[PDB]
Amino acid sequence: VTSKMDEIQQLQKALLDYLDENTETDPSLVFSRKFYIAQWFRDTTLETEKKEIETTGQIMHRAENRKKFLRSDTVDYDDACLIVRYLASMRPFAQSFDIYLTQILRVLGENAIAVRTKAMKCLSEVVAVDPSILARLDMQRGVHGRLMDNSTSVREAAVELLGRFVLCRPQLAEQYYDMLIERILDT
Amino acid sequence: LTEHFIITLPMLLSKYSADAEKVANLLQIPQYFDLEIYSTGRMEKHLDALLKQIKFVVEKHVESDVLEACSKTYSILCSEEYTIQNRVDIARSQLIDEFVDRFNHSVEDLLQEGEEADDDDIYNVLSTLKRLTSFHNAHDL
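Calculation criteria
Residues numbered from 1 in each chain as written, not as in the entry; some residues may be left out. Chains lettered and ligands numbered in written order. Part of a larger assembly, values for the part shown. Heavy atoms only, no water. Helix = DSSP H or I, 4+ residues; strand = E, 2+ residues; numbered from the N terminus. Rg over C-alpha atoms; globule rule 2.2 N^0.38 Å. Buried < 20%, exposed > 50% of the residue type's maximum accessible area, 1.4 Å probe, protein only. Areas by Shrake-Rupley, 256 points an atom, 1.4 Å probe, with all protein chains shown as cover. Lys, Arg positive; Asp, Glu negative; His and termini not counted. Charge placed at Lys NZ, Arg CZ, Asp CG, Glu CD. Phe/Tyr/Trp six-rings, centres within 6.5 Å; stacked < 30°, edge-to-face > 60°.

Naming follows the PDB entry, where chain B appears as Cohesin subunit SA-1 of Homo sapiens.

Looking at the PDB entry, chain A carries the name Nipped-B-like protein, with the source organism given as Homo sapiens.

Listed below in structure tokens is the structure:
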């Protein structure tokens, strides 16, 4: 939330020149260079796996990789930061968070108290980092269920979540106020 | 200040090496460095660039103040509480071999009949002697 708001091969070339200069500046950078090389190699093969059109494309790709490894201007630091951020944002990691969330909701129905308590508490932390996530209907029904759950621990965790979320975003809190202030008499 | 000028100073010396006043001003900069940062920053190559460029600067100017400043900078750099000392002291020893060899030429030329005390030889000996006095002021030779 604080970051986002054939050319790819040319970018790979540019990053290689950046690191190449930094080899002169400081040792151990050669290891990083070889590591990036291997990672590009395996990523092209793994996308290849999913054909003859991309077969010819990847054989020029991979041959260029072999050549360019054998081959061991003016681009600098911030540029390198933004390029590698972009190329990482292409990788199958930045679009993983969503998946992770789903996993968490599998936990909420379980047969052990402590795990559910801690899950709810960490979720409270999660939402209090990014306040615009109480939109997906499944999480809504989750926090409702846990508000009606049959154990005092998860009950206090849930009410703490809902209260901190209400406190953070000043307006738009009159929609949770009723379900909140119902809960005072909870034994 | 340290992180900035470790990168920037060699380029400055390269840019303005002909101007004595500018280098004389710039030489006051290293007197204030936290010297740990050469170690913790992994930046010893820029130190090598500094010593090479400053060497060339020493070789191109003869006004006394720059020599005083450069000598004092080496004195700060040869502080024996920091790990960096040995490299700069060795490079300094290479400089002192250079200085003594010119001194050897100076003593042989004056002692012999030579060119009958020509002004040009006298100027060479005087310039070299000035460099020797300036460095010798701060360091045990």
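Next comes the rest of the account.
Caption draft 1: Spotlight on the overall build of chain A. The number of helices and strands found in chain A is 9 helices and 0 strands. Helices and strands in chain A line up, N terminus first, as α-α-α-α-α-α-α-α-α. Its C-alpha atoms give chain A a radius of gyration of 25 Å, clearly above 16 Å, the size a compact globule of 187 residues would have. For chain A, with 187 residues in total, the buried portion stands at 24%. A total accessible area of about 14,200 Å² is found for chain A, and carbon and sulfur atoms account for 60% of it. Charge-centre separation for chain A: the mean point of 25 positive side chains lies 7 Å from the mean point of 29 negative side chains.

Caption draft 2: Broad picture of the packing of aromatic side chains. Residue and element names in this part refer to chain B. A full pass over the atoms with the stated rule returns 4 aromatic pairs over all chains. Considering the side-chain rings of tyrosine 74 and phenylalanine 135, the 5.9 Å spacing of their centres and the 40° angle between planes classify their relative orientation as tilted. One end of the pair, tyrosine 74, is in helix α5 (residues 64-77); the other, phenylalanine 135, is in helix α7 (residues 119-138), with 61 residues separating them in the sequence. For the pair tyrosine 74 and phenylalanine 135, one class covers both residues: buried. Look at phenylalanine 99 and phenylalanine 135: their rings are 5.2 Å apart centre to centre, the planes differ by 45°, and that puts the pair in the tilted class. With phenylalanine 99 in helix α6 (residues 85-111) and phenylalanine 135 in helix α7, this residue pair connects regions lying 36 residues apart in the sequence. Residue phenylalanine 99 is classed as buried on the basis of its relative accessible area of 5%. Linked through ring pairs, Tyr74, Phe99 and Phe135 together constitute an aromatic cluster.

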